[PDB]
> 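Right, I'll just put the structure down here and ask away after.
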Amino acid sequence: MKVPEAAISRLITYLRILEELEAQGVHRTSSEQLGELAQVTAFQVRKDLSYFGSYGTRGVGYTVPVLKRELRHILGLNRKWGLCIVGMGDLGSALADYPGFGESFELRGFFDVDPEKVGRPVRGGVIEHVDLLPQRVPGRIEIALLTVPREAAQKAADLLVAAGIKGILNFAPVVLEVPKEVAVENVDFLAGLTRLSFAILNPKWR
Amino acid sequence: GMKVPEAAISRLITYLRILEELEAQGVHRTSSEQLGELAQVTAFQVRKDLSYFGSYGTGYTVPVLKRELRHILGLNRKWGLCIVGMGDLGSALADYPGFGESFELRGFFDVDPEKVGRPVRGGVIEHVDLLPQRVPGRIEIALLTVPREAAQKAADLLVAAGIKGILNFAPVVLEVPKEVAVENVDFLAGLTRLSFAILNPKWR
DNA sequence: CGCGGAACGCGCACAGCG
DNA sequence: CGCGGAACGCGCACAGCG
């Protein structure tokens with residue numbers, strides 16, 4: 001009912017920690033262990049998980065493959081999302097080649113407008129003009145990796161929204177404007193850099 | 001409240017960007033309501049985000065704000081950067097043409113024999129074993145882009161070398177001494193955040 | 001007229017159950 | 001015995017003033 005987004009980010013962290021624990025053969029963990037690895041209090045963990053259910057065992061703890069399964073469900077990773085990359089520049093090309101996507105995310109789109117790229121056969125696929133967006137997105141692409149130069153970002157967004165996209169992972173440094181019907185998440189490395197600058201200059205604060 | 005919420009610093013970064021665009025458009029005067037509009041926040045928050053540092057208001061001269069903001073964020077100096085992990089991302093970052101005058105790449109490290117010794121925009125790749133010799137006095141921030149499984153270790157090495165801040169791109173929670181700052185850029189996390197958001201539209 | 005404190009909404013102790 | 005509600009604390013109202 002409450003469900004702060006700060007909690008969704010932490011759930012991501014717990015699932016990753018669970019995958020890792022599983023990889024090490026651990027069968028059972030606890031909020032205390034989980035907190036120690038996610039660098040938060042055990043309270044924060046139990047409270048974050050409580051927003052969705054009671055997956056543990058009182059007096060005992062949490063069975064790793066169970067909670068793991070439960071978090072993947074909540075996070076909507078128990079499905080196979082359709083992805084497309086708009087802006088086959090350098091970052092987008094690195095992305096196309098990222099091997100750590102896993103079962104939950106599948107690349108189906110590849111786009112851009114530059115003639116010198118359009119038509120290049122990328123990893124399992126081929127680039128194409130962003131004009132084919134209206135005829136590519138519906139029912140096959142839900143999420144788009146927006147990676148274009150800061151000035152083409154807002155333009156590319158409109159296009160994507162019109163083509164029926166449901167989510168935009170924005171890599172461009174700028175606040176996008178989209179219908180509130182479309183979810184957007186920013187991945188801003190320059191903002192992070194700037195934050196590091198500030199953090200350094202203000203050690204006390206940090 | 002003399003203690004600045006960190007969320008306010010994300011907004012200042014956004015304000016600065018909005019100013020640069022203005023200046024670039026030729027505008028000379030802006031307002032609380034104008035900034036908010038462009039930043040999608042209330043004019044209140046803008047004023048509040050600014051009050052933590054001063055009264056730059058008359059008011060609000062784009063160039064006087066752009067300048068005070070970059071001073072507040074520490075962009076008024078030339079930070080030294082290095083990249084640890086020269087794979088696809090490390091390479092992409094190495095050739096990024098938009099750091100600006102505030103961030104300078106002075107190092108590129110790795111362990112792959114095929115990569116070290118390799119020339120790059122701004123220098124050459126060197127083995128991480130050389131960080132203790134390359135960091136002090138020249139490099140404050142490190143762009144960490146190694147595989148997930150080697151992140152912590154690379155981080156342990158940067159710490160040992162005396163690094164001030166790590167911009168972590170690996171999907172892991174780095175463990176570092178308190179005097180070392182860490183900022184994460186997690187796109188897999190954004191992806192999974194979007195996944196959740198799509199399924200919980202009323203939650204929005 | 002137009003544009004730099006304080007209230008308010010939201011993010012630990014014990015009850016519950018194995 | 002061992003490990004899933006409510007207090008606390010962080011993030012609008014008006015005064016000044018051209």
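Reckoned from all heavy atoms, side chains included, excluding hydrogens, waters and symmetry mates. In what follows, chains are A, B, ... by sequence order, proteins preceding strands, each numbered from 1.
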> Please report the distance separating the P of D:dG11 from the corresponding atom of C:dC12, rounded so that it comes out in whole Å.
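Each nucleotide's P atom is 16 Å from the other's.
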> Does A:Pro4 or A:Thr57 map to a spot on DNA chain C nearer the 5' end, using the closest nucleotide for each?
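Closer to the 5' end of DNA chain C: A:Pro4.
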> May I ask you to say what B:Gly1 touches in the nucleic acid, namely base, sugar-phosphate or nothing, with a heavy-atom cut-off under 4.0 Å?
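Touches nothing.
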> Could you give the CD1-to-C1' distance, from A:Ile8 to C:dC10, as a whole number of Å?
14 Å
> For A:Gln44 and A:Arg58, take the nucleotide of DNA chain C holding the closest heavy atom to each; which residue's nucleotide lies nearer the 5' end?
A:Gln44
> Please determine if A:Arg150 and B:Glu20 form a salt bridge, counting it only when a charged side-chain N lies under 4.0 Å from a carboxylate O.
no
> Could you tell me how far apart B:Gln34 (CD) and C:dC3 (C1') are, to the nearest whole angstrom?
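After rounding, the reported distance stands at 13 Å.
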> Rounding to an integer number of Å, can you tell me how far A:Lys47 NZ sits from D:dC8 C1'?
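Result: 13 Å.
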> Answer yes when B:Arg70 and B:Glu101 have at least one side-chain N-carboxylate O distance shorter than 4.0 Å, and no when they do not.
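Looking at B:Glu101 together with B:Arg70, the answer is no, because their closest N to O distance does not fall below 4.0 Å.
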> Could you label the plane-to-plane angle of the A:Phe189 and B:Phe99 rings as parallel, tilted or perpendicular, counting under 30° as parallel and over 60° as perpendicular?
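Correct class here is perpendicular.
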> To the nearest 0.5 Å, what is the distance between CG (A:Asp48) and CZ (A:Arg10)?
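Reported value, rounded in 0.5 Å steps: 4.0 Å.
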> Could you state the atom-to-atom distance from CD of A:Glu5 to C1' of C:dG11 in whole Å?
11 Å
> Using a 4.0 Å heavy-atom cut-off, does B:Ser55 contact any base of the nucleic acid, only the sugar-phosphate backbone, or nothing at all?
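The residue B:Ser55 makes sugar-phosphate contact but no base contact.
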> CH2 of B:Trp203 versus P of C:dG11: gap in Å, rounded?
10 Å
> Considering just the side-chain nitrogens and oxygens of B:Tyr52, establish if one lies under 4.0 Å of OP1 or OP2 belonging to D:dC10.
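For B:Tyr52, the contact criterion (side-chain N or O under 4.0 Å from OP1 or OP2 of D:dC10) is not met.
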> Watson-Crick or G-U wobble between C:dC12 and D:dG5, both distances under 3.5 Å?
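C:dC12 and D:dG5 meet the Watson-Crick or G-U wobble geometry.
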> For B:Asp49 and C:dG4, what is the distance between atoms CG and P respectively, to the nearest whole Å?
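Going from CG in B:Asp49 over to P in C:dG4 covers 12 Å.
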> Both donor-acceptor distances under 3.5 Å, either Watson-Crick or G-U wobble. Does C:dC14 meet that with D:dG4?
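Paired: C:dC14 with D:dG4, WC or G-U, both distances under 3.5 Å.
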> For B:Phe44 and C:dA7, what is the distance between atoms CZ and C1' respectively, to the nearest whole Å?
13 Å
> Does C:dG18 have its OP1 or OP2 closer than 4.0 Å to a side-chain nitrogen or oxygen of A:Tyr62?
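Negative; the distance criterion is not met.
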> Examine the base of D:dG4 for any acceptor or donor lying under 3.5 Å from a partner atom in the side chain of A:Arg46, and report the outcome as yes or no.
yes
> From C:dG11, D:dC12, C:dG4, pick the nucleotide closest to the side chain of B:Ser51?
C:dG4
> Nearest whole Å is fine: how far is C:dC3 P from B:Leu50 CG?
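Atom CG in B:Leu50 sits about 16 Å away from atom P in C:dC3.
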> Which distance, rounded to the nearest 0.5 Å, do you find between the CG of A:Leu159 and the CG of A:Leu133?
6.0 Å
